[PDB]
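Engineer: Take this structure, written in structure tokens, and hold onto it; I'll ask about it next.
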Amino acid sequence: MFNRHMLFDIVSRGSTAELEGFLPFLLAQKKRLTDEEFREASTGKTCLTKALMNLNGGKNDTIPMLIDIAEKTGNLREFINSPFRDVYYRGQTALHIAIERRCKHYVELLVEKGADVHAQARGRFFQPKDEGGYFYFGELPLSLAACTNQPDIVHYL
Amino acid sequence: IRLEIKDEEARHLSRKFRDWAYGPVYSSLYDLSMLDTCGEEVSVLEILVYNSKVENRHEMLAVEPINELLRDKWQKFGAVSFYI
């Protein structure tokens, strides 16, 4: 459809055939992918961040497609590097999520299209237990990959 | 108490759940359906204390949720009732 609620669902559905014609649709209504509304007003969760949450065996084909649509609008360093705008999960990006769920194929995709390595997930959730958070890793994706028992991203970063 | 059914039709009666699994940290979820009966007749936990005369009640309180369920209402009611 032409609204946001259809789009935030089908990404979790993972059906790229139900996302056709939307790249010319942004050509019509001049809208960017992270302009005002195709992003959660409470948190800042975008379509790419939603794509990495719900996975189909750790694979969603919308993930290069959401970068493809962002390339035509010219937001490759923005649609990837848009952190969370909330307070509790503040600063978490899609790079933090892909390292989290061990999508090594998708970690390589983010940086090659342009990803901020030094994005800090400095939210209140990412604090130590004395500060109120549940898990601490030093706010860094390089440190996150070491904390997730995964040296494979550590070799890649 | 540790009841998690894969059949996906008898799911609404399952007891143990999985909220979120962010890597090393698992977020289990136990239902307090009959453990702390607020406005009901009689509870599980009450029979563990007031009624059961079996020796195994020391081990039986050492099950997973009740070790944390008793620490819930102790932190809320212990400091208050002592000061009174």
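Chain labels follow the order of the structure tokens: the first chain is A, the next B, and so on; residue numbering restarts at 1 in every chain, and ligands are counted from 1 in their shown order.
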What are the closest atom pairs, with distances in Å to one decimal, for each residue of chain B lying within 10 Å of chain A, using only C-alpha atoms, rows by chain and rising residue number, as CSV?
Structural biologist:
residue,atom,partner,partner_atom,distance
B:21,CA,A:101,CA,9.7
B:22,CA,A:100,CA,7.3
B:23,CA,A:148,CA,6.7
B:24,CA,A:148,CA,7.6
B:25,CA,A:135,CA,7.9
Engineer: Need to verify the contact set: residue B:44, 12 Å, only C-alpha atoms, exclusion of same-chain residues closer than 3 positions in sequence. Can you return it as an MDAnalysis selection string?
Structural biologist: chainID B and resid 1 32:38 40:41 47:52 60:61 66
Engineer: Can you list, as a PyMOL selection string, every protein, DNA or RNA residue that comes within 12 Å of residue A:25 when you count only C-alpha atoms, leaving out same-chain residues fewer than 6 positions away?
Structural biologist: chain A and resi 1-3+19+31-33+69+72-73
Engineer: Assign secondary structure with DSSP using the backbone only, and return the residues of chain B in alpha helix (DSSP H) as a list in words.
Structural biologist: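 Of chain B, the ones in alpha helix (DSSP H) are residues 44, 45, 46, 57, 58, 59, 60, 64, 65, 66, 67, 68, 69, 70, 71, 72, 73, 74, 75, 76, 77, 78, 79, 80, 81, 82 and 83 of chain B.
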Engineer: Using DSSP on the backbone coordinates, identify all residues within chain B classified as strand (DSSP E or B); present the result as a PyMOL selection string.
Structural biologist: chain B and resi 16-18+28-30
